[PDB]
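Peer 1: Chains as they are written, first to last, in this note's numbering: chain F, 1 to 331; chain Z, 1 to 54; chain D, 1 to 439; chain E, 1 to 428. A virtual CB, placed ideally from N, CA and C, is assigned to each residue, including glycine.
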Amino acid sequence: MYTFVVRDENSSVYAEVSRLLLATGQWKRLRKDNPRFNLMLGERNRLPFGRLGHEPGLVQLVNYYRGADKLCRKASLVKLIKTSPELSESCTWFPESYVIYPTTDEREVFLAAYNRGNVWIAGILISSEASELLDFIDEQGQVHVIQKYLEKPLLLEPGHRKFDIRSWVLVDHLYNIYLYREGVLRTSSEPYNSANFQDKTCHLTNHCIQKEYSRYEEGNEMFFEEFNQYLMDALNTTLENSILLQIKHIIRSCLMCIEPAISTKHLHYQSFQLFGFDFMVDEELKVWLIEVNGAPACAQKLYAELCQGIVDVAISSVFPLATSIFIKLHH
Amino acid sequence: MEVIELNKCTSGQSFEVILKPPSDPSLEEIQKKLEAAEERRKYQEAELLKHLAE
Amino acid sequence: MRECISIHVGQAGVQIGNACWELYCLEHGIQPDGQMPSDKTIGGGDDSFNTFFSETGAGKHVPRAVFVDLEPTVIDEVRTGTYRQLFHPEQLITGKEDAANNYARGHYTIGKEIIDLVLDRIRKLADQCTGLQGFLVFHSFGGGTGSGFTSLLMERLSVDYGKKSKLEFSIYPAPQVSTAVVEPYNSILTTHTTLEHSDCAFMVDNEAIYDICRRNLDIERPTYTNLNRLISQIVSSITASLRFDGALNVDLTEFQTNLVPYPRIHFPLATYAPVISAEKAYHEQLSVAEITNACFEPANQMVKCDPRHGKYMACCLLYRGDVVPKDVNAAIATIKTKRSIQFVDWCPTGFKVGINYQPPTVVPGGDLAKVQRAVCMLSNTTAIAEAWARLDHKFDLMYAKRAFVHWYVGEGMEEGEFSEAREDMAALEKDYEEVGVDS
Amino acid sequence: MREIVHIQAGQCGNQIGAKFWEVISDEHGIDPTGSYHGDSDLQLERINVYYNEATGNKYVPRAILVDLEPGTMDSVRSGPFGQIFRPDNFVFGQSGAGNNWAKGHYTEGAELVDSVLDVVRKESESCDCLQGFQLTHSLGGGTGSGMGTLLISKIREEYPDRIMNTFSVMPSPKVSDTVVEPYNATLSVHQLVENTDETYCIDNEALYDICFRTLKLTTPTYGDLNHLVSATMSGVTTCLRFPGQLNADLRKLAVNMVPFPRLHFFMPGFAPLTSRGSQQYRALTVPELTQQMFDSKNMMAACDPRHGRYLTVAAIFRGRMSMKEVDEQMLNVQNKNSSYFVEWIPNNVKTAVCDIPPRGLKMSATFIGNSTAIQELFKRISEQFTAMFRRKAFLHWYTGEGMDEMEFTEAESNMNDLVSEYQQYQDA
Ligand SMILES: CC[C@]1(O)C[C@@H]2CN(CCc3c([nH]c4cc(F)ccc34)[C@@](C(=O)OC)(c3cc4c(cc3OC)N(C)[C@H]3[C@@](O)(C(=O)OC)[C@H](OC(C)=O)[C@]5(CC)C=CCN6CC[C@]43[C@@H]65)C2)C1
Ligand SMILES: Nc1nc2c(ncn2[C@@H]2O[C@H](COP(=O)(O)OP(=O)(O)OP(=O)(O)O)[C@@H](O)[C@H]2O)c(=O)[nH]1
Ligand SMILES: Nc1nc2c(ncn2[C@@H]2O[C@H](COP(=O)(O)OP(=O)(O)O)[C@@H](O)[C@H]2O)c(=O)[nH]1
Ligand SMILES: [Ca+2]
Ligand SMILES: [Mg+2]
């Protein structure tokens, strides 16, 4: 018997986790505020990390890496890459970015390299000449980031449409880095708009701003067997060679960079965590990193499989019970 | 990086190493506090002895 | 030379005190009867070890110590135990019945009936002091005396000795060895009252001591004598500088200045290594690199917490044994790239360092092996507020139902003083978060 | 010396009291003549909690024996350890109380009470540091019930700041057939709810089941019941009678067990259970000690723990055993059944280990639970009370001693409040 508490009721991912765990007869769910748990599926905000690992008789495990927010917040991710020897301008896979404050930022250093086919991006806002962009961030009041917009994206056919790629990476207590073998492209219903972009829907490929304007994919989700079969026929390659190798090298580099600050090797509690990484494949088949999501949701087709893998890789490995969907990124 | 203020005895050494620069109550009020408390208690006890005499 | 007076309050302060004074005696070559062959100033002197001992014409070196428990069981052990000649009776002060793990009963009820006799016996010690500098107060948070009398004595000492410094050695409550479920109540209560009267507090979570004893000393179920011998070493490390020739931390005001830029954030984290079982069949001795690195491992801290997720304001390395500066900086160089050691902008990233060539003194028979070099780090990190958060959470759970509150009120304390103390701790936790807000 | 003044009143009270005394006397090595003959300095260290000393180095139980009638006193004087009690400490009358609470509280016992109090005040004026009082009595009768609680009200008024502790034996129709016992228990519980700091609920329903069911004793006697009752009393007083950290005096114990002043009614428990005369063949393992002593079949109040939540808990282990394994086993209990301990009293289970095992065991465990499930005990008595009182049946045995119905309505109310009060903190 193991126990666990649930402290984020709006997590599709961990609803299924606790569902599976319960569905095993070896796990009981406790009152959220009962201290005597083994597993905290913790809140999203101000998770009480300092309260974990002080219950004798209990090995405690939580589903977030404290500190991992540095990698999953847009203002921070930029600061993490720039100000970190392991990435730095040593970096070829992250669009040019700067942090900016709505009047230690870079609104002035931003104009500098701006003197040069300049398109950038900010609830978001894209443009070609600054002013309006800087003006926008001055409208709202939360810190904002201004990365170069990727003018020549890779466009799917039929349709001439833009897409991004979401990969889910699980990191267990040992700091194994696991890449779920199934990924998704979040496509676009309407064809990419070379000239003129300040409209959206066809540029911004976010699932929400597209189940609200949409044909070729159910829900706008293209999985890998089809994107690979497409790459073979139109580009004469594989997803592996062309894209996945750069993705793995981007995941592995990011998480090893922060491993000294968030590892729980010799800590009095352990962490695992599920990350959603978002990528952009451009015209020349060069991968670019967009965002890292600290609380990913899944895709409906794949919940079953990713959520049993989490239970097996991340939870049953630490509390064992009474041929793998993942790719361990070997560092 | 920079070793400052090095001092040596025959018992050991002392020094600084910097790697980067930056960038009341009174005995009066105490008695009023305590007495008020032993007050609050002597009354509670006497409330008890009074109920016990009923 | 300026004298320092120790004040051991409650069972924990008293039993910890006893172990410190035994370690102290071993270190300065003072025998169980105050005789010290190595002092050649017979009848007195002003050597560095006279900050903690005063001198008798017949040749006695007697602690500048006062022990005070509200019942006799524990201090009786000192009156009868092996070091009974070392203290004179006037400084072992015991009472009739105790504070029943009730803060309010130690502060208000029974305290009042003893504060004056204790202040008396204390001033007797100040009078035989050429230039008294302050007080070292040893106590638990969790019992009635150690929390509630200690906070009363503090307020009196501040009134009676404004110019003076007061450091604490404070035993933080841990379920594995606690004897009362109200300890979070007594702990918030006495921290709130004492915050403004203590200049620098060294908190020791019995939880941390306990695991160090299991993990590194192979002790099945550590007792108070295991815990207290280890505490005697950490404590001896922090006070080595006042009893020996040196130029770092040479008087109590310097612990303030070196460790505490903010008066309320005066709770520096202690970290000690190496702790080796004396039962280990030969030991591969640790290097300056190895021991200095150990200092940034949570499992070596007197309080479990993660200083990666906070900022630093100060940091002291206290070495004992065979250490030369080149090694220390070589060591600091490596770890500076391996670890996450971010200070607060308004402070420089640096370490004060103290080396005492005499290796750590081992209590004969104890559980600690004799190592050729040792180190105590005193870092003022914000990660120590973890320990405040969990103690405050325990308080809230009980206090929202008023559970046990009637015991303190029954002693004349008002319900409201509970929320006052907790309100302070809420401020204190915000203070801590402001300072370490960055990433 | 933190002394305890022991008072035993009535038949039941005097019979479980005399049996408590012979058992701890053994544990401490005193023979029926009061002479120490033990083989350990541990037996004499805290001896003065329950004994006085005199010349000859003899020990005399700090105990006072009260009944409204003269038997039992005779029975006890001519019992095994009969001769150790100070003779002037036998205080008895002649009338009896006829199982009538009002006779004990108001009429018969009124006449006798001051003579009890002069021996109490005598014994108290002779104490370095009086912790308080411990009384043994039954609630179903007249003397221990009515006069027992009268004495508690007097003693509290003279010693308003000492601790009042009772071992209160509760009545059950499985063991006795007096129709008015539910009256005498509800009038007593009202008193205990107001005037004691700790009451161990020794339930004759639970003692009967343990003896009949568990121990296979098909014609149980009071001596059988009292065998379980003195193992428990020995158990729950270990921490007061030998050296230790946990719960070593009555105030220490109360601050740990009693989160709200009225919820001071405790479920004792014990393991292994054993028939008087039961040859014991193998010790229990530390894990058997533990699962068993939290078992409902081992409780001395007839209540279901899984029907409530534990507020506080004290566990006492006795015999040579491993601290590490006790601690591991106490932790597993709380971790495996953790919803049964209120989450709003963190770490509400305190554990002590004493090395000296009780008589005849190599290893035992004693449990003291303050569980909201004890409301089941008060509901059982209240239901028996209500069935009679709604027709005012048998009231004339009481109104004829001067009592008024209203006094019944008030007891019934204060005990129904005690139940609803446990229910409150069981939901929360
Ligand atoms: C520890 C102290 C005691 O010794 C414990 C008891 C009672 N006592 C005196 C001894 C005695 C017993 N029996 C007697 C019959 C006589 F003529 C004279 C004396 C006795 C008991 C015994 O040894 O029985 C073999 C004895 C007695 C009783 C009992 C079990 C029991 O032992 C297993 N029940 C559980 C009770 C009973 O009501 C029921 O089932 O419903 C719950 C009984 O009804 C039935 C069976 O039909 C019974 C039987 C007379 C009916 C009328 C009045 N009730 C009061 C007690 C109860 C009776 C031992 C105190
Ligand atoms: N490490 C260690 N902790 C101790 C020791 N003695 C007491 N403590 C701590 O103190 C807590 C109990 O309260 P105490 O400070 O001992 O109270 P007291 O000194 O007995 O005085 P009272 O208020 O009368 O109980 C325990 O939870 C322990 O954590 C000791 O010798 N070593
Ligand atoms: N366990 C136990 N219960 C007893 C004993 N003697 C009496 N009782 C209980 O006490 C009740 C009768 O109380 P009683 O002795 O008449 O009270 P008294 O008149 O004040 O002495 C019965 O219901 C019994 O259950 C005993 O030796 N052991
Ligand atoms: Ca000298
Ligand atoms: Mg004490």
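With respect to 7 Å, is the separation between the Cβ of D/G10 and the closest non-hydrogen atom of ligand 5 below this value?
Peer 2: At least one heavy atom of ligand 5 is nearer than 7 Å to the Cβ of D/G10, so yes.
Peer 1: In chain order, what residues of the same chain lie with their CB nearer than 6 Å to the CB of E/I163, ignoring the 5 residues before and after it?
Peer 2: Hits under 6 Å: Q131, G132, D197, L250, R251.
Peer 1: Could you pull the DSSP bridge partners for D/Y312 from this structure?
Peer 2: Answer is D/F343, D/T381.
Peer 1: For F/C208, count neighbouring C-beta atoms within 10 Å of its own C-beta (all shown protein chains included) and say buried if the count is 16 or more, exposed if not.
Peer 2: Looking at its Cβ environment, which holds fewer than 16 other Cβ atoms inside 10 Å, F/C208 is exposed.
Peer 1: At which residues does the alpha helix (DSSP H) containing E/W397 begin and terminate?
Peer 2: Start and end: 396 to 399.
Peer 1: Taking the alpha carbon of D/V435 as the reference point, which residue from D/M1, D/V260, D/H139, D/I110 has its own alpha carbon closest?
Peer 2: Among D/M1, D/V260, D/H139, D/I110, the Cα nearest to that of D/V435 belongs to D/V260.
Peer 1: For a quick check, are the C-beta atoms of D/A273 and D/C295 less than 8 Å apart?
Peer 2: Yes, the pair counts as a contact, with Cβ atoms nearer than the cut-off.
Peer 1: If I measure Cβ to Cβ from Z/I4 and keep anything under 6 Å in the same chain, skipping five residues before and after, which residues do I get?
Peer 2: Result list for Z/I4: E16, in chain order.
Peer 1: Could you check what DSSP says for F/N176 in three-state terms: helix, strand or coil?
Peer 2: Correct three-state label for F/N176: coil.
Peer 1: From the DSSP output, read off the bridge partner residues of E/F167.
Peer 2: Answer is E/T136, E/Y200, bridged to E/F167.
Peer 1: Taking all protein chains shown into account, do 16 or more other C-beta atoms lie within 10 angstroms of the C-beta of F/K70, making it buried, or fewer, making it exposed?
Peer 2: Classification of F/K70: buried, given that the 10 Å Cβ count is 16 or more.
Peer 1: Name the residue from E/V169, E/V5, E/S168, E/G146 whose alpha carbon lies nearest to the alpha carbon of E/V120.
Peer 2: Ranking E/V169, E/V5, E/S168, E/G146 by Cα distance to E/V120 puts E/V5 first.
Peer 1: Whole-angstrom Cβ separation of F/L289 and F/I262, contact assumed at under 8 Å?
Peer 2: The pair is not a contact, with the Cβ atoms about 19 Å apart (cut-off 8 Å).
Peer 1: For F/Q270, which beta-bridge partners are listed by DSSP?
Peer 2: DSSP, once it has assigned bridges, lists F/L61 as partnering F/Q270.
Peer 1: What residues from chain F crowd round D/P222, counting only those whose CB sits closer than 9 Å?
Peer 2: Neighbours of D/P222 on chain F: none; closest Cβ ~12 Å, over 9 Å.
Peer 1: For D/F87, which three-state DSSP category applies?
Peer 2: Residue state, collapsed to three classes: coil.
Peer 1: Are the C-beta of F/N206 and some C-beta of chain E separated by less than 8 Å?
Peer 2: Not an interface residue.
Peer 1: Does any heavy atom of ligand 4 sit closer than 7 Å to the C-beta of D/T41?
Peer 2: Checking every heavy atom of ligand 4 against the Cβ of D/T41, one is found closer than 7 Å.
Peer 1: Contact criterion: CB-CB distance below 8 Å. Does E/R2 meet it with respect to chain D?
Peer 2: Cβ-Cβ to chain D under 8 Å: yes for E/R2.
Peer 1: Sorted by chain position, which residues of the same chain lie with C-beta nearer than 8 Å to E/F394's C-beta, five sequence neighbours on each side aside?
Peer 2: Correct list, in chain order: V179, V180, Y183, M388.
Peer 1: Residues in the same chain with beta-carbon distance under 7 Å from F/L329, minus the five sequence neighbours each way, listed in chain order, please.
Peer 2: Within the same chain, F/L329 has close Cβ partners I177, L179, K248, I251, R252.
Peer 1: Between E/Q245 and chain D, is there a C-beta pair that is closer than 8 Å?
Peer 2: By this cut-off, E/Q245 is an interface position.
Peer 1: Does ligand 4 have even one heavy atom less than 7 Å from the beta-carbon of D/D47?
Peer 2: Flag set: Cβ of D/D47 near ligand 4.
Peer 1: Please tell me whether, using a cut-off of 7 Å, the distance from the CB of E/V229 to the nearest non-hydrogen atom of ligand 3 is below it.
Peer 2: E/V229: yes, Cβ under 7 Å from ligand 3.
Peer 1: With F/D8 and F/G42 assumed to form a contact (beta carbons below 8 Å), what rounded beta-carbon distance in angstroms separates them?
Peer 2: At roughly 7 Å, the Cβ-Cβ gap stays under 8 Å, so F/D8 and F/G42 are in contact.
Peer 1: Only counting the same chain, and skipping five residues up and downstream in sequence, which positions put a Cβ closer than 7 Å to that of F/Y114?
Peer 2: So the list reads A130, once near-sequence residues are dropped.
Peer 1: So does D/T145 have its beta carbon nearer than 7 Å to some heavy atom of ligand 5?
Peer 2: Yes.
Peer 1: Is D/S165 close to chain Z? Criterion is C-beta to C-beta, closer than 8 Å.
Peer 2: Closer than 8 Å: no.
Peer 1: Just tell me which of D/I122, D/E113, D/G144 has its CA closest to the CA of D/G134.
Peer 2: Looking at the Cα atoms, D/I122 is the closest of the given residues.
Peer 1: Starting from E/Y183, trace the alpha helix (DSSP H) in both directions and tell me its first and last residue.
Peer 2: Unbroken alpha helix (DSSP H) run through E/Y183: 181 to 195.
Peer 1: Below 8 Å on the Cβ atoms is my guess for E/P61 versus E/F85; work out the distance and round it to an integer in Å.
Peer 2: Contact flag correct, Cβ pair sits at about 6 Å.
Peer 1: Can you list the residues of chain D that F/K70 reaches, using a CB-CB cut of under 7 Å?
Peer 2: Here the neighbours are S439.
Peer 1: What residues of chain D sit near F/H173, judged by a beta carbon separation below 8 Å?
Peer 2: The premise fails here: F/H173 is roughly 15 Å from chain D at the closest Cβ pair, so nothing lies under 8 Å.
Peer 1: In the DSSP assignment, the alpha helix (DSSP H) including Z/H51 goes from what residue to what residue?
Peer 2: Where Z/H51 is concerned, the enclosing alpha helix (DSSP H) stretches over 27 to 53.
Peer 1: At which residues does the alpha helix (DSSP H) containing D/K352 begin and terminate?
Peer 2: Element bounds for D/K352: not the alpha helix (DSSP H) but the beta strand (DSSP E), 350 to 356.
Peer 1: Got a sec: which bits of the stretch 151 to 174 of chain E sit with their beta carbon under 8 Å from any beta carbon on chain Z, in order along the chain?
Peer 2: Listed by position along the chain: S153, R156, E157, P160, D161.
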